[PDB]
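Chemist: Every number in the numbering used here is 161 more than the matching position in the sequence shown, counting from 1.
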Amino acid sequence: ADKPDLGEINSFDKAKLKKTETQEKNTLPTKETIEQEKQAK
């Protein structure tokens, strides 16, 4: 059974998901306070 496909893909889902959670994290590593302030109001 040389079909590691489901494998490389499972890694792809956890990858895009990691670069994504950490990406949004780096896009709003503080300046978020402003959007939360307007939402906080």
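Ideal placement from N, C-alpha and C gives every residue a C-beta, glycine not left out.
Tell me the rounded alpha-carbon separation between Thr188 and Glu198.
Modeler: Using only the alpha carbons, I get a separation of about 17 Å.
Chemist: Which stretch, first to last residue, makes up the alpha helix (DSSP H) that contains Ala176?
Modeler: From DSSP, the alpha helix (DSSP H) with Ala176 extends over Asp166 to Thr188.
Chemist: Can you name the start and end residues of the alpha helix (DSSP H) that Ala201 belongs to?
Modeler: Element bounds for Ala201: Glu193 to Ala201.
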